[PDB]
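Okay, here we've got a single chain as structure tokens, the form deposited in one PDB entry, with questions on binding and movement later.
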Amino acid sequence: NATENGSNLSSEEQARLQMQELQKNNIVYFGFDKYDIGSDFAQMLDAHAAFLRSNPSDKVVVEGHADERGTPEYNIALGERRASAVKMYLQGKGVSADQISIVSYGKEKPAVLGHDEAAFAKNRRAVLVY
């Protein structure tokens, strides 16, 4: 039923439905200046990794973002460390390196607008995009 349907379909078509489920939870959040992956995000990243291993043709781009006081260049560098941390986590779960690319956007594409710490927190993130 609903999100549990589709067991009758080919693997390719089951994967398209599964992509959509994964896009319901595809953001890793970070603390100020941090790029460590908290244990709170392990289960989600494991679901992404399992999908990627089962679908070798499907590629993911990890977008890194930042919203930290300092130069735009610093924000780009930190966004890269965030995206790379996710890539390394996925590779540690067996995903081929060639299925994962990373891009850092720094402060350039915020999720939330505003000049406050709450807004910043929603912006310090890495997003897994298919």
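Residues that one form lacks are left out of the comparison. Residue indices: 1-based, along the sequence shown. Think of the rigid core as the biggest set of C-alphas that the two forms share within 1.5 Å after superposition.
Discussion item. So, looking at the entry's B-factor column for Cα atoms, which has the higher mean, 68 to 76 or 29 to 37?
Written reply: Per the PDB entry, the higher value belongs to 68 to 76.
Worksheet item: Do the CA atoms of 87 to 95 or those of 56 to 64 have the higher mean B-factor in the entry?
Response: The stretch with the larger average C-alpha B-factor is 56 to 64.
Keep in mind that the form deposited in another entry is not shown, yet the notes after this line are about it.
Discussion item. Tell me whether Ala15 is among the residues that move between the shown form and the other one (Cα shift of 2 angstroms or more, core superposed).
Written reply: Yes, shifts by 2 Å or more.
Discussion item. In sequence order, what stretches of at least three consecutive residues shift by 2 Å or more at the Cα level between the shown form and the other one, with the rigid core held as reference?
Written reply: After superposition, only residues 7 to 21 shift as a run.
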